[PDB]
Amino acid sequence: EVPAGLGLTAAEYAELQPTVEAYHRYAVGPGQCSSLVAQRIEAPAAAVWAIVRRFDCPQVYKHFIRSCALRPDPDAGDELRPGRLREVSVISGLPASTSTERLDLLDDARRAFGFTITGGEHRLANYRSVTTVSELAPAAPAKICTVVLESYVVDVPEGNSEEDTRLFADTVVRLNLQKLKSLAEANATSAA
């Protein structure tokens, strides 16, 4: 029952399906499309999640982001609560110059993250994203495998097709996850 084109095996998806059925699901309207991307990372689940949970600094693992600035505190000092907004700057030439994104879900216990795009300069509208970090622990002593799942839903512009939009989003998402992998694996190598 593994969704087509995912990148995860049957044994792996069987464990992750509760996390898939809980955090990654969407109601897709005629002018919308959704997708789900998986990334395997060889690194502890805490290290990967520690990078992902930082809403203030997405430019660390996110490929096309030159700089980012977080909006000042509406009465929350030490912790980033859901409802916070950030303003993201993107490299030149891309469909988007800049984006304003809001924190939707941050759960440290269940290791789930999410955010929505409100406004800015870009073609993609109403982009909702959910990122979960999951640990697959072998009963016998094997290497560490952490699986990151990131799903989204987005509106398709009237001039753009569904593939062209989805291919673009999948591309950005995977470059983000490949960087997160590269980063967390280099950090997990030096520590022990």
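Throughout, we count residues from 1 along the sequence that is shown.
Relative to one another, 84-92 and 118-126 have unequal mean CA B-factors, and 118-126 is the one with the higher figure.
In this crystal structure, the stretch out of 13-21 and 174-182 whose C-alpha atoms carry the higher mean B factor is 13-21.
When the C-alpha B-factors of 39, 134, 59, 161 are ranked from the entry, the top spot goes to 161. Per the PDB record, residue ranking by Cα B-factor puts residue 66 in the highest third of the chain. Among the modelled residues of its chain, residue 76 has a C-alpha B-factor that falls in the highest third, as given in the PDB entry.
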